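Residue numbers (PDB author numbering), protein chains in the order written: chain R, 199 to 287, 293 to 330; chain F, 159 to 287, 293 to 330; chain Y, 159 to 287, 293 to 407, 409 to 430, 441 to 858; chain A, 595 to 858; chain V, 661 to 726.
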Amino acid sequence: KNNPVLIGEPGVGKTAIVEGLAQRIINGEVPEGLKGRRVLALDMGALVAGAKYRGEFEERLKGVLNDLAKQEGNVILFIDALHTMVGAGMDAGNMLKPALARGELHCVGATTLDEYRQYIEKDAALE
Amino acid sequence: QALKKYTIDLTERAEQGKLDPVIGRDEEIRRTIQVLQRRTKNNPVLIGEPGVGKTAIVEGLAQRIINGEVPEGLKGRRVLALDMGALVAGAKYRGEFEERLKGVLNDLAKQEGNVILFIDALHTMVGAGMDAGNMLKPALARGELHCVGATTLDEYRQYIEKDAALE
Amino acid sequence: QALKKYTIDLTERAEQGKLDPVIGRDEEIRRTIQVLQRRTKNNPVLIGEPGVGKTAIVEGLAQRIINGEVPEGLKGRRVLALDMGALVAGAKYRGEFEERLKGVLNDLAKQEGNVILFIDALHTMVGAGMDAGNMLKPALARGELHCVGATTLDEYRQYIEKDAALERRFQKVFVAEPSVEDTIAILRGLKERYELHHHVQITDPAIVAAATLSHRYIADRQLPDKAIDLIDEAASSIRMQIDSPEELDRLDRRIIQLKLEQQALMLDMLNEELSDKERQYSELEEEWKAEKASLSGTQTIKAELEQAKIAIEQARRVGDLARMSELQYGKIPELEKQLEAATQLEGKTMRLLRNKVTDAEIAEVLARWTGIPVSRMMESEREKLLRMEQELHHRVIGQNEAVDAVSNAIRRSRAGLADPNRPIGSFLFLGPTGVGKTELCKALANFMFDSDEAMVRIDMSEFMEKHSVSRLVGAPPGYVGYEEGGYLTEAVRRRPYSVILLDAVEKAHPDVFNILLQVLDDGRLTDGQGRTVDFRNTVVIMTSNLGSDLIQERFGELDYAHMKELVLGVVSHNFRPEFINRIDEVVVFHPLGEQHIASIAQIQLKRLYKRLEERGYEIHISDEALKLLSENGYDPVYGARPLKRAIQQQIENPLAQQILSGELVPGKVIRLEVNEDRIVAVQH
Amino acid sequence: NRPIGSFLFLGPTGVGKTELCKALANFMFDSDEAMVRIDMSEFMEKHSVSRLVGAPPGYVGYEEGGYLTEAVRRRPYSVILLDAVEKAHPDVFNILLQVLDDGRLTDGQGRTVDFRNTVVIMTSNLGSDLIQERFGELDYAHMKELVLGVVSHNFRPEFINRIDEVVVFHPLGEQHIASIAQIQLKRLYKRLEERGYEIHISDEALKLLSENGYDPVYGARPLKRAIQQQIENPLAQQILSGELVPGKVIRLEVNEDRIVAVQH
Amino acid sequence: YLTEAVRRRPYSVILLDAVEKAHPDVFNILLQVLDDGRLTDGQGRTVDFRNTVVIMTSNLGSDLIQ
Ligand SMILES: Nc1ncnc2c1ncn2[C@@H]1O[C@H](COP(=O)(O)OP(=O)(O)OP(O)(O)=S)[C@@H](O)[C@H]1O
Ligand SMILES: Nc1ncnc2c1ncn2[C@@H]1O[C@H](COP(=O)(O)OP(=O)(O)OP(O)(O)=S)[C@@H](O)[C@H]1O
Ligand SMILES: Nc1ncnc2c1ncn2[C@@H]1O[C@H](COP(=O)(O)OP(=O)(O)O)[C@@H](O)[C@H]1O
Ligand SMILES: Nc1ncnc2c1ncn2[C@@H]1O[C@H](COP(=O)(O)OP(=O)(O)O)[C@@H](O)[C@H]1O
């Protein structure tokens with residue numbers, strides 16, 4: 199269970215708390231295992247803005263996932279709107300599924316209260 | 159092959175010790191070994207409130223397969239964990255998902271009644287897009308598949324008790 | 159194509175022998191072929207409550223098409239199993255459903271009636287998001308399709324008798340449940356099938372007992388599906404107990421424990447003990463391998479026997495001359511006699527247990543389902559019935575006559591001499607109030623099936639109105655309790671093997687006796703919701719007090735016979751002749767004596783010492799305190815509940831107050847010494 | 595345009611009213627409860643009329659129909675039995691006015707169910723007192739006349755005009771009671787031979803049964819429970835005693851005041 | 661009022677204010693409470709009371725207090 203998801207009502211500063219975690223990474227108030235990590239927010243927009251062909255979107259997304267496996271867990275990934283993330287293109296988040304609870308992928312969730320009850324605890328395959 | 163593409167071998171992970179030492183649950187593994195060896199109703203579904211390790215009950219069954227602590231007919235089975243999520247959306251065509259699942263089912267016909275299949279959240283097998296129910300409703304009665312379901316009571320009471328050609 | 163994409167070619171499967179050769183069902187196959195050889199409306203539907211083998215009727219029809227018992231209007235026909243779920247679940251869009259279904263109808267009309275279309279679960283076709296009825300309708304009318312439905316009767320009358328056009332497109336073939344003997348014959352064919360799979364044997368007494376006790380007890384599922392459930396589940400339990409060995413596991417744990425002990429000690443003696451236990455383990459292991467080899471040879475020779483039977487059916491289809499006589503006269507009797515030689519060999523050698531499913535296995539499986547003492551009088555319940563007087567006087571002191579009567583009643587019932595439409599036994603408890611009416615009720619519910627909790631007590635004193643009657647039977651439709659259930663009938667339908675205990679039926683309204691007339695007449699009490707309630711497994715007991723003063727004032731120097739006749743006359747003045755006419759055996763209670771009161775006090779001391787020893791105290795009592803309790807707890811008007819509240823107020827209130835005061839110490843002998851008016855506890 | 599019959603079985607209780615109708619069902623469909631039995635002591639108020647026909651549209655029990663019309667729309671040919679037709683309220687049988695008149699009955703959903711093939715039998719015990727008092731020294735015709743006058747005091751003359759025939763049951767006589775005992779012993783023999791035993795009786799035991807079950811006021815059930823007790827208690831007592839061995843003739847011989855079974 | 665609230669809330673405390681204005685059937689109900697706590701309504705639901713606290717009031721000895 200190496201993937202915290204944030205559950206809050208919409209507009210209580212979830213992205214703010216993730217960026218505060220990022221500043222404490224920069225300021226060095228964290229334990230030594232997190233000193234030197236990289237916080238990357240996944241751009242949804244520029245991926246879609248040039249897509250035309252069969253899975254070339256997911257080709258780019260899988261290339262980013264292979265680069266994250268190349269970075270060997272030294273990069274703490276953060277993708278907000280997690281209920282939107284599960285379907286965004293095998294589609295967008297269950298490509299990821301074996302890499303999550305193995306020390307490879309550490310995507311940090313941050314999503315709404317009701318949409319947690321929609322698309323996360325019902326979808327028990329990743330629960 | 160497609161088993162390398164879309165399944166998770168539990169027996170290789172327990173073979174290399176990646177899984178967990180399952181403690182207790184002798185009675186439920188007993189009942190599973192009963193229901194796995196019948197001639198009809200040959201597919202259990204592990205039913206309880208979620209997060210009680212139904213996946214790990216199947217995994218401990220796989221560990222007892224590796225450690226030889228099963229009855230004789232199970233000595234030599236292969237437990238495979240088919241993901242509902244791994245299969246979905248490589249498809250722009252009109253049913254490439256169905257093509258890949260058909261290739262998987264032909265591979266399990268090729269393995270000749272040996273591979274025991276694992277699926278959790280079996281309601282996703284019912285409705286996910293023919294998608295996974297009626298492509299397998301033949302194979303859930305033609306003896307080419309020995310699926311082990313895992314779901315909560317609510318999805319069993321709705322999406323399985325109703326469907327009388329699955330019930 | 160389309161037909162290979164969606165349907166399941168059943169004739170190819172029956173040609174590959176993957177089906178069940180279902181014995182019997184000759185009239186339903188005849189009536190299905192009568193329907194299928196018409197000109198218009200060629201569409202039989204197979205209707206019955208689920209489990210009865212409507213799918214098996216269609217498969218047996220396909221096997222008769224393959225073998226050729228059909229007339230000359232079905233030979234060469236293919237039978238195709240359309241899957242209604244496999245056409246709906248792709249349609250996201252406008253008119254992709256009808257794309258598939260028109261593809262299916264064009265390919266079947268290209269076959270030109272050569273393909274009997276088979277549709278299981280036909281009530282999926284109607285309401286499935293206009294959809295599927297209104298394309299099949301011009302083909303089902305003109306007979307150019309050959310649909311065969313398969314549906315439950317409830318879904319039939321709900322999803323088809325509604326829509327009358329698709330009602331007349333089809334034709335009914337009413338399929339009934341098989342008989343008990345037909346269930347036995349079916350299971351004999353299926354025994355000959357199943358002993359190829361589970362590697363075991365089945366003894367035909369277990370088959371007939373399985374069918375009979377499944378028909379007797381499992382009242383939700385129906386034949387033959389429930390009998391096949393029992394047989395297969397016992398076969399799987401025995402397939403467990405092939406490799407369940410326990411003694412090898414005990415010997416292996418023993419040798420590894422003594423191995424660890426001897427390796428830690430390195441006086442010895444344990445090399446010798448370990449060598450003896452390893453020799454015993456090796457002998458048991460080799461015996462286990464010998465049993466496994468015997469069962470393997472038996473399974474292989476049984477499989478060769480069944481393949482020989484399939485091959486002589488191949489010779490019956492094809493028509494080779496010497497192959498028939500050769501396969502029959504050689505292969506059948508020698509393989510059967512050495513199959514029985516392997517059977518008696520396994521009876522000799524199975525020390526490590528069973529490969530033959532006996533009736534006890536069926537009893538264990540059905541007990542895991544429900545928990546009835548399923549089998550017959552097994553000399554544990556039978557000797558309980560032979561000492562049923564003693565068993566009832568284990569908990570109920572006194573009242574010998576009613577104990578004898580109730581004992582005789584259940585002895586009549588369990589031997590099968592009751593009139594099997596009536597309930598097990600009607601009873602009219604009379605006499606003094608509160609002696610053990612309820613204690614005999616609890617004891618009877620206890621030594622009938624489980625305990626005191628398999629009963630329903632109903633205070634009949636509360637029912638004194640017309641709408642009270644409409645409560646306890648159930649409110650008629652269009653009214654109130656029809657929403658929220660009946661009272662008595664729901665309590666029986668939750669607890670089908672129970673005891674109904676009324677309370678002061680004379681205090682009820684003077685019409686509830688008529689509901690009881692229906693009860694004691696035939697034990698069907700059709701509720702408000704219009705479904706029958708079956709009393710034939712229960713025991714109805716009624717309590718009263720119409721001669722309590724009559725019995726208490728005249729018990730001196732009057733026997734049981736004059737008392738019974740006198741109270742029969744008095745009850746005839748109170749009640750109606752029909753009501754007492756329906757009774758099996760009116761019993762008569764007698765008042766209590768003080769030795770019986772002392773015995774009740776003894777049983778209360780037993781249960782209280784049990785509860786306080788669970789609490790952790792060792793308490794003794796003087797018999798003078800027992801005499802004070804007996805004198806302070808009896809009256810002619812109330813009986814033994816004065817003794818109960820006297821025990822409560824004089825022990826359970828003050829002594830537990832002395833315990834909660836930090837006075838008493840657990841473990842000490844606590845003699846309940848007497849006072850002038852009370853009972854004092856000491857610490858010795 | 596009527597049902598096959600429509601009857602009104604009167605008389606004192608337990609003279610064979612219900613078993614005549616069960617005798618019909620065992621002739622016609624070869625089964626005892628192969629019939630429809632409307633136990634009319636539940637219908638003591640008019641909302642139970644709404645039970646039997648089915649609840650109207652816009653109410654609770656709409657989506658199920660009645661019980662009667664559902665029963666007969668399944669089986670068009672049956673024997674509809676209405677036992678105890680005067681414990682019920684006097685205005686219940688107006689449903690049966692329509693039934694006996696034309697064989698059509700309208701349920702809740704609005705479908706007329708065809709009663710042109712059934713037999714409506716209503717078994718009363720209104721005339722019990724008058725028949726028990728005056729069946730001596732009176733013929734059959736004036737007895738039927740006078741008890742029919744009593745029924746006319748109970749009912750309205752709409753309904754009894756529909757009836758195909760009212761019959762009158764006479765109270766039982768002693769040789770009839772002996773034959774009742776013989777019939778009960780025959781079916782006891784049948785059920786115990788299915789249990790697997792060889793059981794006979796002495797006629798003296800039958801005489802002692804007839805001398806321990808006679809009463810004109812109660813008809814036949816004291817004979818039935820006398821047979822029940824004074825045969826089945828020592829018989830099943832020796833069954834559970836294990837004294838009975840199959841393959842042995844069992845003559846139910848007399849005791850001094852009882853009946854004993856023997857092993858011979 | 662009384663029975664169905666325990667079926668809604670089996671985990672609570674019960675009050676019966678102004679019990680001086682009662683009726684003997686209520687006294688029978690409360691003796692059934694103080695005996696075992698099990699009590700069934702008119703339509704067949706067995707309801708347990710032993711996990712609660714029951715409190716009553718009166719206002720005549722209260723007037724003696726005043
Ligand atoms: N601890 C904090 N310190 C400073 N500013 C904060 C803090 N928490 C919240 N805020 C402010 O509140 C804003 C909320 O931003 P978001 O995290 O995007 O809101 P949200 O709760 O994430 O809702 P969404 O889903 O992002 S629209 C931040 O951008 C800050 O301006
Ligand atoms: N005459 C028969 N001989 C052998 N097996 C039979 C026979 N009738 C039924 N069965 C078995 O009963 C099982 C299912 O019976 P069915 O009557 O097919 O139940 P069903 O048709 O599925 O009913 P539903 O409504 O679909 S649940 C199968 O294993 C059949 O082999
Ligand atoms: N035998 C066991 N001993 C200890 N923990 C177990 C055991 N089996 C399962 N678990 C725990 O259960 C968790 C898995 O929950 P699971 O039952 O698979 O999910 P679901 O809620 O979908 O049924 C694992 O984290 C595992 O640690
Ligand atoms: N014969 C007996 N043997 C043992 N205990 C009995 C006996 N008779 C009565 N009791 C006790 O006497 C009490 C009688 O109460 P109950 O049976 O409810 O009243 P009633 O006698 O009016 O039916 C029961 O609570 C029971 O504990």
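Cβ coordinates follow ideal geometry from the N, Cα and C atoms, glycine included.
Taking 8 Å as the threshold, the shortest C-beta distance from F:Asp294 to chain Y falls below it. Look at the region 608-623 of chain Y: it has no residue with a C-beta under 8 Å from a C-beta of chain A. In this structure, the alpha-carbon of R:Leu303 lies about 29 Å from that of F:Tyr322. Sequence-distant partners of Y:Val193 (beyond 5 residues in either direction) whose C-beta falls short of 6 Å from its own C-beta, in its chain, are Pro202, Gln334.
Placement of the Cβ of Y:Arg183 at a distance of less than 7 Å from at least one heavy atom of ligand 2 is found. Annotation: the continuous beta strand (DSSP E) that includes R:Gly312 extends over 311-315.
Residue pairing by DSSP places R:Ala239 opposite R:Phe276 in a beta bridge. Put simply, the backbone Cα of Y:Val848 is about 35 Å away from that of V:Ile689.
A contact is defined here as three or more CB-CB pairs under 8 Å, and the region 665-677 of chain A fails this definition with respect to the region 731-741 of chain A. Not a single C-beta of chain F is nearer than 8 Å to the C-beta of Y:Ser722. Of all residues in the region 329-362 of chain Y, none is placed with a Cβ closer than 8 Å to any Cβ belonging to chain A.
At least 8 Å separates the CB of R:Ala304 from every CB of chain F. Less than 8 Å separates the beta-carbon of Y:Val531 from that of Y:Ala397. Contact between Y:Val762 and Y:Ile754 is absent: CB atoms are separated by about 13 Å, not below the 8 Å threshold.
At least one CB atom of chain A sits nearer than 8 Å to the CB of Y:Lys640. Within chain Y, no residue has its CB atom less than 7 Å from the CB of A:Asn849, the nearest being about 16 Å off. With respect to the C-alpha of V:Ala665, the residue from V:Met716, V:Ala678, V:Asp708, V:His683 having the closest C-alpha is V:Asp708.
Here DSSP, grouped into helix, strand and coil, assigns Y:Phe603 to strand.
Annotation for F:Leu219: the continuous alpha helix (DSSP H) segment containing it runs 212-224. DSSP, read as helix, strand or coil, puts Y:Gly652 in coil. Its chain contains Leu204, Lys212, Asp278 as the residues whose beta carbon lies nearer than 6 Å to that of F:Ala313, once the 5 sequence neighbours on both sides are disregarded; these appear in chain order.
Checking the DSSP bridge columns, you'll see R:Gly206 partnered with R:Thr315. When the beta-carbon positions are compared, Y:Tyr380 and Y:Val262 stay at least 8 Å from each other. In terms of CA proximity to Y:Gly648, Y:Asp701 leads the group Y:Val679, Y:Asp701, Y:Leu691.
Put simply, the CB of Y:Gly648 is far from chain V, with every gap to its CB atoms at 8 Å or more.
Around F:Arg235, the same chain offers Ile223, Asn272, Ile274 as residues with beta carbons nearer than 7 Å, after the five sequence neighbours per side are excluded. Between the alpha carbons of Y:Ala496 and Y:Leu168 lies a gap of roughly 32 Å.
Residues of the region 684-705 of chain V with a Cβ closer than 8 Å to any Cβ of chain Y, in chain order: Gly702, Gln703, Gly704.
Counting along the chain, Y:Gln454 sits inside the alpha helix (DSSP H) bounded by residues 444-492. Look at the region 443-476 of chain Y: the residues with a C-beta under 9 Å from a C-beta of chain F are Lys466. Those residues of the region 234-264 of chain Y placed with their C-beta closer than 7 Å to a C-beta in chain F are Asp241, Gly243, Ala244, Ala247, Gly248, ordered along the chain. A direct Cα-to-Cα measurement between Y:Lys505 and Y:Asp388 gives close to 33 Å. Cα atoms of Y:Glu752 and Y:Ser342: separation of roughly 37 Å, rounded to the nearest angstrom. Setting aside the 5 residues that flank it on each side, A:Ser773 has no residue in the same chain whose C-beta is closer than 6 Å to its C-beta. For A:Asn806, no Cβ of chain Y is located within less than 8 Å of the residue's own Cβ. Between F:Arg183 and F:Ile215, the gap from beta carbon to beta carbon is short of 8 Å.
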